[PDB]
Amino acid sequence: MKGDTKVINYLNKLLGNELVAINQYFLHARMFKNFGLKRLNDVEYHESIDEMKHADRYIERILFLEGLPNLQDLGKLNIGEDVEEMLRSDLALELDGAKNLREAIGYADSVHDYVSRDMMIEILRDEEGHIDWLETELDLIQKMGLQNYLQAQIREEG
Amino acid sequence: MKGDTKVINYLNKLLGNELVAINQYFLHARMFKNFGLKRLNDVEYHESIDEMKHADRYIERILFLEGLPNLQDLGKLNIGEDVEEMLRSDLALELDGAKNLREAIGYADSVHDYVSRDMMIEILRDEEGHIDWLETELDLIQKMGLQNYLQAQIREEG
Amino acid sequence: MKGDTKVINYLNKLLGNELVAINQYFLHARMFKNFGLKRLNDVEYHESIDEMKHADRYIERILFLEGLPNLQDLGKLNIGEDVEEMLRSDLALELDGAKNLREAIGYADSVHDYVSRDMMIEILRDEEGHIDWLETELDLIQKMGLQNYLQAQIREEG
Amino acid sequence: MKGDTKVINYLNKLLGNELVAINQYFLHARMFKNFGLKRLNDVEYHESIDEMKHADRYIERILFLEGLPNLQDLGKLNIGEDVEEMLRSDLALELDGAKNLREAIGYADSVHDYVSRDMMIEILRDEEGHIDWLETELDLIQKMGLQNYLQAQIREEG
Amino acid sequence: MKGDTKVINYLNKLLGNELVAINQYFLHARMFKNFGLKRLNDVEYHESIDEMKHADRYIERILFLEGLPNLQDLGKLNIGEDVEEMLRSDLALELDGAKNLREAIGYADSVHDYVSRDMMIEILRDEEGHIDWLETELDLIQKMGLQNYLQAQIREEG
Amino acid sequence: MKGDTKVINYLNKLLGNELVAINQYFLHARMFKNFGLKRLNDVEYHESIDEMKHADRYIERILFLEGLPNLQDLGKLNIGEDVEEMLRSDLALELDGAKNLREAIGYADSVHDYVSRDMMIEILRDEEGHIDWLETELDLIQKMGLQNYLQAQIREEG
Amino acid sequence: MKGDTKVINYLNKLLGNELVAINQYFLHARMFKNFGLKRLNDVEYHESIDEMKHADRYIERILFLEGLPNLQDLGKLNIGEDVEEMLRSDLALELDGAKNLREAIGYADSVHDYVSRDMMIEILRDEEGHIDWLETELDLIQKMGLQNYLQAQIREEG
Ligand code: HEM
Ligand code: HEM
Ligand code: HEM
Ligand SMILES: [Fe+3]
Ligand SMILES: [Fe+3]
Ligand SMILES: [Fe+3]
Ligand SMILES: [Fe+3]
Ligand SMILES: [Fe+3]
Ligand SMILES: [Fe+3]
Ligand SMILES: [Fe+3]
């Protein structure tokens with residue numbers, strides 16, 4: 001079914017965001033794993049998978065609407081060296097992505113692509129989940145201090 | 001994540017509605033139970049639980065959006081003395097709540113708080129369910145008469 | 001069965017206490033949950049449920065004794081902003097409620113409402129349990145320090 | 001263990017009440033059964049059993065306290081001919097028994113027979129249950145009318 | 001079905017016997033239990049239940065035949081203070097009851113109430129069982145002596 | 001929670017009783033075991049455990065009420081040399097303990113420590129159980145004679 | 001079998017030690033429990049049980065050897081107010097008991113009471129276990145600091 005061109009550009013832009021997040025989250029995960037912060041590796045890994053699911057959804061939708069998924073261009077990764085910096089970087093990324101999502105959802109509505117919208121609202125809900133988790137972790141770091149925070153990531157959560 | 005202030009006020013207003021419904025429905029439930037109308041106790045009870053789930057959702061959302069859930073102010077309960085009056089009171093309440101929900105949903109959309117909107121649409125769908133049930137019961141009372149209606153509430157539905 | 005009027009007023013006053021505790025405990029629970037203090041969310045939540053059970057018992061008893069349960073008036077919630085302040089607030093509330101209970105129990109005895117008394121003694125025993133738990137948590141905070149206390153609430157207890 | 005004499009007289013008086021209720025409830029049960037009111041036979045039967053449990057408890061307690069259980073004297077049965085009259089008769093009996101119980105409980109307390117008291121408070125709680133049930137049935141008869149009430153007792157409750 | 005009047009009087013007289021036996025056997029049972037004669041408590045208890053079954057059968061039959069079951073008049077209990085005396089008292093009672101049964105059975109036959117007769121013959125067979133048991137126990141007491149007999153009742157029979 | 005001082009003294013006095021009973025009952029148990037009176041070892045042992053449960057309850061309660069459990073002072077053990085003397089000694093002890101309990105319960109009531117009272121009433125009920133058992137055994141010894149009584153304690157009760 | 005008198009005195013002295021440890025360990029356990037140090041309550045409790053097993057063994061042995069177990073005299077409890085002080089007190093007690101055990105074992109050997117010796121060597125092995133555990137805990141307190149040590153006792157070990 002031929003989709004609205006501008007919806008497809010939004011879908012490709014959002015796909016672009018997911019591609020960045022996939023990599024940044026996966027690297028972060030294995031950095032944590034190397035640091036021995038087993039718990040942060042598990043969560044960040046499961047979030048990389050999450051962004052993969054999102055990418056897949058965009059790709060299928062773009063194809064359905066007869067556009068060309070763009071997996072060629074990769075935006076800026078911001079990696080960082082310590083736990084806080086890395087978490088904070090994931091949060092900034094997630095916030096920029098939520099912004100683009102809000103914009104795309106409004107536009108899809110106005111051209112009546114309600115199923116693209118519906119898909120995007122689900123993804124946004126997932127993003128808001130990641131945002132919640134990140135914000136909480138970052139406050140925990142301040143409230144309990146870095147040393148206690150680190151000790152608390154050593155073992156995986158059952 | 002800092003939410004839109006006016007969305008938070010709506011969420012607190014809706015939360016306010018749920019708080020009223022929770023109490024009015026619970027009292028009604030146990031009044032029915034005391035009357036020996038076992039079936040009406042079961043349904044109204046399960047609806048009190050339902051409104052609790054709604055309150056919980058608002059509270060979590062307000063907190064997520066960094067507002068202050070207001071559980072302090074309690075609107076007017078209207079209790080009533082006989083079955084019809086009590087059912088009718090629940091229906092009026094549910095109708096005022098649906099009105100506030102319609103208004104909040106429109107507003108959340110226009111400030112792009114799509115996940116608050118999504119949550120609110122689910123809740124509205126639940127409210128419309130309660131409305132359906134209440135309307136039906138009230139017509140049954142007219143069509144079959146109060147005495148038969150009452151006899152029909154004595155045993156619980158399997 | 002027509003109960004003693006003053007017993008009913010006591011039951012409504014106690015019900016009043018439970019209504020306050022239900023809300024204060026539920027809000028606290030979800031505040032903790034938002035803070036990421038998973039363990040405190042679980043305990044405070046299970047205490048909100050507890051106070052609900054108490055409210056239900058009063059409501060049923062008032063109805064049985066042919067009084068009018070009052071779910072309309074809601075006393076002062078005191079919420080607070082940090083863990084200690086919130087725990088301490090729950091403790092003060094629980095202490096005022098235990099005071100009213102002691103008074104109601106003595107009175108029910110003197111008008112021979114022994115089953116209302118029996119119910120109230122069970123509830124008091126539950127309250128004393130909450131008091132024990134709160135006092136212990138607050139001392140733990142002093143003995144081990146806030147930072148260690150917080151780290152210790154991150155994971156739920158199996 | 002030698003008990004207080006007056007406690008034993010109370011226990012025998014209460015036992016006396018149970019003996020009456022046992023018979024009146026059993027006869028009523030089988031009258032209902034004969035009437036084809038299967039549901040009322042089940043409940044009244046289960047209440048006759050209940051009063052038997054009470055009698056047994058008094059008998060064991062009297063023996064323990066070294067008194068002589070009196071199963072020889074039987075108070076006035078009031079049987080009645082139709083459903084309402086019979087239910088109403090059970091209610092009056094249950095009310096006189098609750099009165100004697102309230103009095104015995106106060107006295108046991110003042111001579112420090114706390115375990116006799118504890119037993120009596122449990123029994124009173126059971127009586128208050130029977131009272132609740134009876135009152136409810138009698139109101140149902142008025143609210144839904146005798147004909148509908150009767151139809152509603154034909155089948156047993158699962 | 002309207003029964004023969006005199007059959008109904010017999011059924012009420014027999015019912016009267018059962019009512020006496022029910023109480024005398026139950027008291028004896030719990031006296032034994034208090035004495036620590038666990039085995040005699042079990043047997044006498046199971047015989048009280050037995051007489052209850054008999055009473056129930058009479059009550060249902062009287063109602064069926066459209067008479068008025070009489071649970072108001074209670075014949076003489078003879079309780080006794082020691083094991084032998086109490087067993088012997090149960091035996092005398094059981095013997096008087098068998099006498100009335102023999103008489104009632106003959107009469108029911110002559111007015112053709114064969115199903116009342118059939119019921120009564122079953123009950124008589126049960127009574128003869130109790131008689132057998134009682135006689136045996138009483139001879140055991142003589143043959144082995146009271147002290148050995150008592151020791152032999154301490155534990156329940158598997 | 002700061003308790004009433006005099007309640008705490010009562011709780012320590014009662015705890016004192018349990019401490020005595022624990023030891024006297026345990027020694028008696030193993031004396032019986034040595035005598036080969038397997039059945040008396042089982043019962044007395046299970047009663048020593050029982051008094052331990054009581055001690056534990058007092059200790060926890062005293063601590064809760066912020067007093068100092070006193071396990072230092074041990075009252076007079078009275079051991080005795082033969083079965084009767086030892087049983088009789090347990091009975092006297094149990095009787096003195098019931099006396100102190102009756103007194104403590106009355107006092108707890110008058111200062112409104114209803115949960116301490118509730119706990120104490122449960123314990124009293126247990127004590128009254130031990131008293132019943134002891135009295136029965138001692139009468140069995142008289143009724144069946146010492147030799148038969150002893151033979152009857154050789155095997156354990158299933 | 002008549003034992004050596006001096007062995008019996010040793011057994012009574014060792015029994016004396018166990019009696020002290022039983023109480024001191026049980027109180028400590030419930031103090032920890034009250035402090036909310038769930039893990040220390042579990043271990044100290046399981047050590048109180050352990051000392052009970054030891055007492056039982058001495059009591060049975062003394063009886064077997066035809067001496068009089070002495071449960072009347074209770075040595076000095078040293079309770080203490082904070083965790084370290086209490087642990088340290090248990091360690092000193094355990095050390096004095098090991099000393100008496102070493103002495104008793106040597107003596108039992110020289111009078112050829114090899115089975116008393118064998119029993120005592122097993123108990124000593126258990127004591128050495130408690131000593132190991134206590135020493136380790138006390139060093140952990142120094143190495144990780146009191147605050148971290150406390151946090152680490154909050155949850156029970158699976
Ligand atoms: C104020 C009067 C209220 C009464 C009398 C009441 C009563 C009850 C009762 C009896 C239960 C069942 C206990 C159980 O789950 O085992 C329950 C469950 C629950 N309540 Fe309330 N409640 C009240 C208010 C509230 C409020 C203000 C909230 C806040 C959101 C709330 C949230 C919940 C939740 C989430 C459940 C569990 C539902 C489930 O998973 O089945 N309740 N309530
Ligand atoms: C006097 C008229 C009575 C009638 C017609 C009657 C009838 C019955 C019947 C039909 C049963 C069921 C049989 C079964 O358990 O399988 C029963 C049970 C029982 N009865 Fe009676 N009864 C009478 C009086 C009494 C009295 C005076 C006592 C003395 C306490 C008593 C004590 C009991 C007890 C303890 C049970 C067993 C309850 C259970 O565990 O389910 N009954 N009765
Ligand atoms: C002082 C002489 C005592 C002796 C000889 C003794 C003996 C025993 C024995 C042999 C057991 C069974 C072990 C097991 O549970 O597997 C036991 C259990 C127990 N003891 Fe003691 N004990 C004594 C004092 C105490 C004291 C002072 C307390 C303090 C409250 C206490 C509290 C307990 C408790 C709570 C149990 C577990 C009961 C159960 O759950 O079955 N004991 N005791
Ligand atoms: Fe994504
Ligand atoms: Fe709702
Ligand atoms: Fe409460
Ligand atoms: Fe009763
Ligand atoms: Fe019979
Ligand atoms: Fe005790
Ligand atoms: Fe030891």
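The header says X-ray crystallography, 2.7 Å.
Yeah, the Cβs are placed from backbone N, Cα and C, and that goes for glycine too.
Per Swiss-Prot, the feature Fe cation 1 binding site maps to D:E18, D:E51, D:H54, D:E127; the stated evidence is experimental evidence. The Fe cation 3 binding site annotation in Swiss-Prot covers D:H46, D:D50. The feature Fe cation 2 binding site is assigned by Swiss-Prot to D:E51, D:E94, D:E127, D:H130, with experimental evidence given as support. The annotation heme b binding site is assigned in Swiss-Prot to D:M52.
Annotated features taken from Swiss-Prot, shown on the structure.
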residue : record                   : Cβ neighbours (10 Å)
D:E18   : Fe cation 1 binding site : 22
D:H46   : Fe cation 3 binding site : 11
D:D50   : Fe cation 3 binding site : 19
D:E51   : Fe cation 1 binding site : 26
D:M52   : heme b binding site      : 20
D:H54   : Fe cation 1 binding site : 24
D:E94   : Fe cation 2 binding site : 26
D:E127  : Fe cation 1 binding site : 23
D:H130  : Fe cation 2 binding site : 22
Alpha-carbon distance [D:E94 (Fe cation 2 binding site); D:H54 (Fe cation 1 binding site)] in Å: 13
Nearest of the binding-site residues (D:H46, D:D50, D:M52, D:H130) to D:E18 (Fe cation 1 binding site), judged by Cα-Cα distance: D:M52
Rounded Cα separation (Å) that holds between D:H46 (Fe cation 3 binding site) and D:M52 (heme b binding site): 10
Cα-nearest neighbour of D:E127 (Fe cation 1 binding site) within the listed binding-site residues, D:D50, D:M52, D:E94: D:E94
Separation of alpha carbons, D:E51 (Fe cation 1 binding site) and D:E94 (Fe cation 2 binding site) (Å): 11
Beyond the site residues D:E51, D:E94, D:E127, D:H130: chain residues whose C-beta lies within 8 Å of the centroid, for Fe cation 2: D:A21, D:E47, D:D50, D:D90, D:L93, D:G97, D:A98, D:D126, D:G129, D:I131
Other residues, Cβ within 8 Å of D:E18, D:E51, D:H54, D:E127 Cβ centroid (Fe cation 1 site): D:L14, D:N17, D:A21, D:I22, D:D50, D:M52, D:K53, D:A55, D:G97, D:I123, D:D126
Alpha-carbon distance [D:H130 (Fe cation 2 binding site); D:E51 (Fe cation 1 binding site)] in Å: 10
Euclidean distance between Cα atoms of D:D50 (Fe cation 3 binding site) and D:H130 (Fe cation 2 binding site), Å: 10
